[PDB]
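Just the one chain here, laid out as structure tokens, in the form deposited in one PDB entry.
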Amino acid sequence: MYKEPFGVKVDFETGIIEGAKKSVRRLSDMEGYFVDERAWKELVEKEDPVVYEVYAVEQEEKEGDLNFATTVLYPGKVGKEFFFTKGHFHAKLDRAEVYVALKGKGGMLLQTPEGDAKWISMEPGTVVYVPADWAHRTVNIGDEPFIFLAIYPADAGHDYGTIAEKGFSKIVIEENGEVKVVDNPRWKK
């Protein structure tokens, strides 16, 4: 009749949830995502660094139920562009999400279906409300891993497809040790 309640441990310093489902994304998994494709290729052949890892505790896709996951987003740049998660829209556009920043320095880039953009800086303790209808990506703007916990409806779904093709209308770069949020040159949509 009833699902079993349970506890798991999250290590706030490493992001690891022991016995969660671990996904690893290396740079080679992100062709077409970064603006500087020649820088992408070089770094892929040279080293192919891990860009991010995810530790996810997911339920069966059910309305009213919740999933949670940590992400460890590693520091680095592709050309001038900081490492980031691929980003997605939810499959059901009526699903919100909550992020809680745990370690390091980063931010969230969000985008409406039109291309209207929003940046929210994230340091430890920051809680971000991700509303329905917004595509979302996190960005590591520091020198150490950026670690966060996300809590999201079990039936939210993921649409990675649109972002893979279009990308975000903004990019986050470093020029001169200054972090800048600027127009995506490759934005024609």
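Residue numbers run from 1 along the displayed sequence.
Below: the form solved in complex with a small molecule, not depicted.
Using a 4.5 Å heavy atom cut-off, state whether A150 contacts the small molecule in the deposited complex.
-> Judged by the heavy-atom cut-off of 4.5 Å, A150 is in contact with the small molecule in the deposited complex.
Indicate whether the small molecule has at least one heavy atom within 4.5 Å of a heavy atom of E97 in the deposited complex.
-> Output for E97 is yes: heavy atoms within 4.5 Å of the small molecule.
Is there a heavy atom of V57 no more than 4.5 Å from a heavy atom of the small molecule in the deposited complex?
-> Although the small molecule is absent here, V57 would stay clear of it in the deposited complex, with no heavy atoms inside 4.5 Å.
Does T71 make contact with the small molecule in the deposited complex, using a 4.5 Å heavy atom cut-off?
-> So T71 counts as contacting the small molecule.
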